[PDB]
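So the protein sequences, as listed, match chains A and B.
Last residue of the first sequence: 535 (the entry's author numbering), numbering continuous.
Last residue of the second sequence: 244 (the entry's author numbering), numbering continuous.
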Amino acid sequence: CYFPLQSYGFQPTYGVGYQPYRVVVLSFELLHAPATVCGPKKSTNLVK
Amino acid sequence: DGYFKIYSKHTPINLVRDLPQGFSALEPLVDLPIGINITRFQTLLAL
Ligand SMILES: *[C@@H]1O[C@H](CO)[C@@H](O)[C@H](O)[C@H]1NC(C)=O
């Protein structure tokens, strides 16, 4: 028998790589429905 | 193509019951990038 989880203990003295590192993953999905997120369309000063 | 488009017009009228003989065109109200099928609709009324 084992409990299926374990806590990390992070204490500030640990070596590099034993330290806590936040992660975020931007997963994204494509083109089966209307384009609904995208970047700022860069724009420039108006000339005539 | 998944876009849901509403067009609309408001006007004053002074008439008893029927849809009025006359001409007017609906301006576009809003367009929503929804991406759902629609095959049936229903209306919401005040009690
Ligand atoms: C809308 O209907 C088509 C044909 O059945 C289907 O391929 C499509 O996946 C449906 N869209 C959704 C969001 O279920």
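Ideal Cβ placement from N, Cα and C applies to all residues, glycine included.
CA-to-CA, the gap between B:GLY199 and A:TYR501 works out to about 52 Å. Look at B:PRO230: its C-beta is under 8 Å from a C-beta on chain A. Assigned with DSSP and collapsed to three states, B:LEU226 falls in strand.
By the Cβ criterion, the segment 517–533 of chain A is not in contact with the segment 207–219 of chain B, since fewer than three pairs of Cβ atoms, one from each stretch, lie closer than 8 Å. For A:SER494, there is no enclosing beta strand (DSSP E), as DSSP marks it with neither H nor E. Annotation for B:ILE233 indicates a beta carbon within 7 Å of some heavy atom of ligand 1.
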